[PDB]
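Engineer:
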Amino acid sequence: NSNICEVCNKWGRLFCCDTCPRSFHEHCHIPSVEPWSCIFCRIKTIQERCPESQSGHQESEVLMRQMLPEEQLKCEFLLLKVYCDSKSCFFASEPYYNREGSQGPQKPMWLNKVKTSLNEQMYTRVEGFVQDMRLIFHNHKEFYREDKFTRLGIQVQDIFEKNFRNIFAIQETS
Ligand SMILES: [Cl-]
Ligand SMILES: [Zn+2]
Ligand SMILES: [Zn+2]
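Numbering (the entry's author numbering), first residue to last: 701 to 734, 739 to 878.
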């Protein structure tokens, strides 16, 4: 197995996958680490049991799906892919807003709040999860305005959207 956490790339108390060489801190894995197979493995098994699941889909159909166990897993994995990027640190914990010339968002949102909501089964459809994730980056863009720091929200949103299209097999388009 790897000697560093797959998500944050640090050493420490690591739990090892039994079906692949990845390792994880307890609370870096999503769900929190519970023979054991990691979320990467579990996602791969879904694809292998249903190869047609990789044919292209419409985003509108994906968003209306109820959060059954396989969609719950795919959202957990998508959330984990965002935490895998180091720039997720800016969006992980609860933000506060006191900048001259700006007003904070009406509905603040952050990654650890989405993690908790997933863990507590608060989303009934994929749309709920995706709306909250996109809201993180939209709030950031609106608040920081012309500050170059706005770019961090564009960057991490791009990671979210690329992984969304991959994990839920969104039909490729020009
Ligand atoms: Cl922010
Ligand atoms: Zn970690
Ligand atoms: Zn694994």
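Every residue, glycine too, gets a C-beta built ideally from N, C-alpha and C.
With three or more beta-carbon pairs closer than 8 Å as the criterion, would you say the region 787-805 touches the region 831-849?
Structural biologist: These segments touch.
Engineer: In whole angstroms, what separates the C-alpha of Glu-765 from that of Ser-741?
Structural biologist: Translated into the one-based positions of the sequence shown, residue 765 becomes position 61. Translated into the one-based positions of the sequence shown, residue 741 becomes position 37. Near 29 Å, if we compare the C-alpha coordinates of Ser-741 and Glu-765.
Engineer: Could you tell me the alpha carbon to alpha carbon distance between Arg-713 and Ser-878, rounded to whole angstroms?
Structural biologist: Here residue 713 refers to the residue found at position 13 of the sequence shown. Here residue 878 refers to the residue found at position 174 of the sequence shown. Each residue's Cα considered, the two are about 44 Å apart.
Engineer: Between the Cα of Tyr-787 and the Cα atoms of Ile-750, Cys-745 and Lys-819, which residue gives the shortest distance?
Structural biologist: Residue 787 sits at position 83 when you count from the first residue of the sequence shown. Taking only the C-alpha atoms, the option nearest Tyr-787 is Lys-819.
Engineer: With a cut-off of 8 Å, do at least 3 Cβ pairs link the region 854-864 to the region 836-843?
Structural biologist: Contact between the region 854-864 and the region 836-843 is present, because at least three Cβ pairs lie under 8 Å.
Engineer: Under 8 Å, do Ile-743 and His-729 count as touching if we go by C-beta distance?
Structural biologist: For this step, residue 743 is matched to residue 39 along the sequence shown. For this step, residue 729 is matched to residue 29 along the sequence shown. Yes, these two residues count as a Cβ contact at 8 Å.
Engineer: Would you report the Cα separation of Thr-828 and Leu-784, rounded to the nearest angstrom?
Structural biologist: Counting from one through the sequence shown, the residue named residue 828 turns up at place 124. Counting from one through the sequence shown, the residue named residue 784 turns up at place 80. Looking at the two C-alpha atoms, the distance is approximately 19 Å.
Engineer: Closer than 8 Å is the cut-off here; do at least three beta carbon pairs connect the region 790-798 with the region 806-814?
Structural biologist: In short, these stretches touch, since the Cβ pair count reaches three.
Engineer: From the DSSP output, in three-state form, read off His-761 for me.
Structural biologist: Locating residue 761 in the sequence shown gives position 57, where the first residue counts as 1. Strand.
Engineer: Do you know offhand how far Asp-789's Cα is from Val-707's?
Structural biologist: Residue 789 sits at position 85 when you count from the first residue of the sequence shown. Residue 707 sits at position 7 when you count from the first residue of the sequence shown. Using only the alpha carbons, I get a separation of about 8 Å.
Engineer: Just to check, is the beta-carbon of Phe-744 closer than 7 Å to a non-hydrogen atom of ligand 3?
Structural biologist: The sequence position of residue 744 within the sequence shown is 40, counting from 1. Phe-744 Cβ: within cutoff of ligand 3.
Engineer: Work out the CA separation of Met-771 and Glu-876 for me, nearest whole Å.
Structural biologist: Position 172 of the sequence shown holds residue 876. Position 67 of the sequence shown holds residue 771. Looking at the two C-alpha atoms, the distance is approximately 24 Å.
Engineer: Going by the beta-carbon positions, is the gap between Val-830 and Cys-779 smaller than 8 Å?
Structural biologist: Residue 830 sits at position 126 when you count from the first residue of the sequence shown. Residue 779 sits at position 75 when you count from the first residue of the sequence shown. Yes, Cβ-Cβ distance for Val-830 and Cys-779 is below 8 Å.
Engineer: So is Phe-781 buried or exposed if we call it buried at 16+ other beta carbons inside 10 Å?
Structural biologist: As a working note, residue 781 is residue 77 in the sequence shown. So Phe-781 counts as buried.
Engineer: Which runs of the alpha helix (DSSP H) at least 4 residues long sit entirely within the region 764-839? Give them in chain order.
Structural biologist: Segments of the alpha helix (DSSP H) lying fully in the region 764-839: 773-787, 793-796 and 815-823.
Engineer: Check each candidate in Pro-809, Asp-836, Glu-774 and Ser-759 and name the one with the smallest Cα separation from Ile-874.
Structural biologist: Working through the sequence shown from its first residue, we reach residue 874 at position 170. Ranking the options by Cα distance to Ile-874, first place goes to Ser-759.
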